[PDB]
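In: 3D model of this:
(chains A and B)
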Amino acid sequence: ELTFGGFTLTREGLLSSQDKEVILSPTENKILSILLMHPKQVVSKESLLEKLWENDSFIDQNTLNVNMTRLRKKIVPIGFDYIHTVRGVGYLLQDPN
Amino acid sequence: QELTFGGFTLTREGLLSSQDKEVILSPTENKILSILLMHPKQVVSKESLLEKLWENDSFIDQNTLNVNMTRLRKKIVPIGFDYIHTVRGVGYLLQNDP
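Out: Numbers count the residues shown, from 1 in each chain, chains lettered A, B, ... in the order given. Below is the structure:
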């Protein structure tokens, strides 16, 4: 499993912490997985798309945009507010502490 | 992907796809179907399915299993995966497959 800040992501797409859970689609799962594998690193949109293709998610950039938005809307409510937008660059997974 | 049966493939992330159609399974639905896919053409009792779920990080009870099994079948039967058979009082059976 992938872990970050007390959250665990399972291969089937369960993200959980404490008594909180959300279920991620395969695309949402693969996006979050890539970020969890690169904590505290700025991941450009191009790099994220490349890594998705590496993992058999052959989506385009608008699909990536939509799924990133859906992902964040899903996981912020259970306390995973660690994905930051870097305007014009990409994303950064980082825990303020 | 890798588990496959009856023209369908199940990815680890929960995508069940045929040549024509696909559906996304919840983690519990994924685990249930995976257990049946790993025991094809075998009768799997409810007790056995439950313990195997409990041996793979699930925490549901029998009544929540029934709801999940109904929800699973309502997701996958419409895309042509009608291979889960109920055996009254016994359990479930995954089975040219008919």
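
In: next one: the helix or strand containing residue A:68 to chain centre, how far?
Out: Assignment of secondary structure by DSSP states H and E places residue A:68 within helix A:61-75. Mean C-alpha position of helix A:61-75 versus that of the full chain (CA atoms, centre = their mean, to the nearest Å) differs by 9 Å.

In: Mind giving me the packing neighbours of that helix?
Out: Here helix A:61-75 is seen to pack against helix A:26-36, helix A:45-54, strand A:83-86 when contacts are counted using 3 or more CB pairs under 8 Å, 6 or more residues apart in numbering or on different chains; DSSP states H and E. All C-beta atoms are positioned from the backbone trio N, CA, C, and that covers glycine.

In: What separation do you get for the residue nearest in space to the middle of chain A and chain B?
Out: Residue closest to the mean C-alpha point of chain A, counted by CA atoms, centre = their mean, is residue A:32 at 2.2 Å. Counting by CB to the nearest CB, to the nearest Å, the separation of residue A:32 from chain B is 11 Å.

In: most tightly surrounded among the helices and strands packed on helix A:61-75?
Out: Each of the helices and strands packed on helix A:61-75 was assessed for mean neighbour count using mean count of other CB atoms under 10 Å in any protein chain shown. The highest is helix A:26-36, with a mean of 22.

In: counting contacts, what elements does it pack onto?
Out: Contacts defined by 3+ CB pairs under 8 Å, 6+ apart place helix A:26-36 against strand A:2-4, strand A:7-9, helix A:45-54, helix A:61-75, strand A:90-93.

In: can we see that at 6 Å?
Out: Secondary structure elements in contact with helix A:26-36, counted by 3 or more CB pairs under 6 Å, 6 or more residues apart in numbering or on different chains; DSSP states H and E, are strand A:2-4, helix A:61-75.

In: Tell me how far residue A:50 lies from residue A:58.
Out: Using CB to CB, to the nearest Å, one gets 11 Å for the distance from residue A:50 to residue A:58.

In: how about the residues of chain A near chain B?
Out: Those residues of chain A that sit near chain B, judged by CB under 6 Å from any CB of the partner chain, are A:11, A:12, A:13, A:14, A:23, A:25, A:26, A:29.
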